[PDB]
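Okay, so here's just one chain, in structure tokens, the form deposited in one PDB entry.
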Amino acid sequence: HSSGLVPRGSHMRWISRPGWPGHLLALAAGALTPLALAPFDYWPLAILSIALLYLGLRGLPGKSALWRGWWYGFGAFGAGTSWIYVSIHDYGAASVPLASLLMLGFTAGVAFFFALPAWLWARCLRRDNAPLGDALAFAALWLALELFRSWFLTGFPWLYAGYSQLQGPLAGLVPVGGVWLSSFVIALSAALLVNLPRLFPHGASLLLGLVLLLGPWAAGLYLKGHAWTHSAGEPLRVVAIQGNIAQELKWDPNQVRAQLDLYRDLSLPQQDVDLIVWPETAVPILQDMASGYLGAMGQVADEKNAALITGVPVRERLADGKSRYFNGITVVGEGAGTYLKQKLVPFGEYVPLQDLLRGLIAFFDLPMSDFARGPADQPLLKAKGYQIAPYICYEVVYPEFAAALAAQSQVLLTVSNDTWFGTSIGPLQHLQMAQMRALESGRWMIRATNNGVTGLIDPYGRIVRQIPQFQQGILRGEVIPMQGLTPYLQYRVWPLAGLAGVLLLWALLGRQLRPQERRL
């Protein structure tokens, strides 16, 4: 049998005990997670962060476990996504005290994405006396935890631990089970290293712990660089245009026309290529009222035997009066199709509780928007006879959602505007998650940005071609259409999710099961 409590005199009990020291370690532990992500990319920190949290929950009761999970999550988001403050301050025009209070509220609320599972772990799931089962149960809890984060309210799938393995040794597992399997193995390892000393007395158990600990790592390295997809056709020559049109939230007539003339003038001279791509809302005019600018741009592409792909605000006139808006992208030239954004950022593209909050937002002079969600099932964009999966801005962040469109495609395309966050680590984290989509999908991704990290991503998630951010530039490069299905795109989460459900159900039942001192 095993208690698990560290022997007295080791200076390690405060970690797993109720009180402020254990919470402060958890706060710092959570703050490691951005370190393991881009741009720092110290991926072993991801294991340490989770290992520290797992250890800090060992003896803990439910009420203090909940708050210790809140402190961990507060450190993760307070350090990992605090960069959201830049958009609110610099482009929302809010003062620093105001913007600080908003971000303080946000990360304190978002920190409950780690508080709730911690509380669930303590009250119902944790088995301190079974080291091997506890590690599996914790890993399977980590999956549920991130899966829940993708779904709840609108979802905030930021800082998944799995993204640290994009260029890490576990990159071989990402095409197999997605970012989900990557997070699962990082948590599983982290709990095994904690409980590994407890298996030293026992040979067979320790051996089994070592296979579970290092087996998947070996499997990830063995599968690193393996191509599950095959060439579908001749390479496409791609030109992406990055015009640092200063974001003006008050959108004014004289700067609009200079946008239309900037993107045109930059496209014409480019010697013939297969694809011209423009970033998010590259043409600022509504789709219906830009027939002239759009129509001319198609013939310019036609003379260049090319397809032009650009983001454009799209309007829908209802039967009664006023319109409805969408953040769309459309294709002209050698191609067709128009895609409408489905995932909308709350408080950026729309107001989630507009009736109460509208007046409140207005008194503090905060920007508001009224974009609407795209339909459930939309066709893919067509360009030179190929199926191009479209992603606008942070739709790339939702892995299950991305996989549905990534399948049934031969190339991946995203246009996004990272201007809002400036020189912070947001755009790099955002970009990193875009590369994971290429690695899960075994497809090339074209990423054109209004100003931040435009590039071409090979099917291994590696950035083969890119241009400097924060300056006007053009990216010339070649991407290859891809055929075939990765295992992750074939089966998605369900194989791993079912395994996790079993492990959670086992732990839940096994925690309360009589250990062969049966009453019957």
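Note that the rigid core is defined as the largest set of C-alphas that superpose within 1.5 Å between two forms. Sequential numbering from 1, following the sequence displayed.
The following text describes the form deposited in another entry, which does not appear among the structures shown.
Exercise. Which of these moves by 2 angstroms or more at the C-alpha between the shown form and the other one, core superposed: 301, 102, 397, 199?
Worked result: C-alpha shift of at least 2 Å: 102.
Exercise. For residue 124, is the CA shift between the shown form and the other one at least 2 Å following rigid-core superposition?
Worked result: Residue 124 C-alpha, core-superposed: shift of 2 Å or more.
Problem set entry | Rigid core fit then residue 87 CA moved by 2 Å or more between the shown form and the other one | Yes, shifts by 2 Å or more.
For this session: Would you tell me if residue 218 moves between the shown form and the other one by 2 Å or more at its C-alpha, with the rigid core held superposed?
Result: Superposed on the core, residue 218 moves its C-alpha less than 2 Å between the shown form and the other one.
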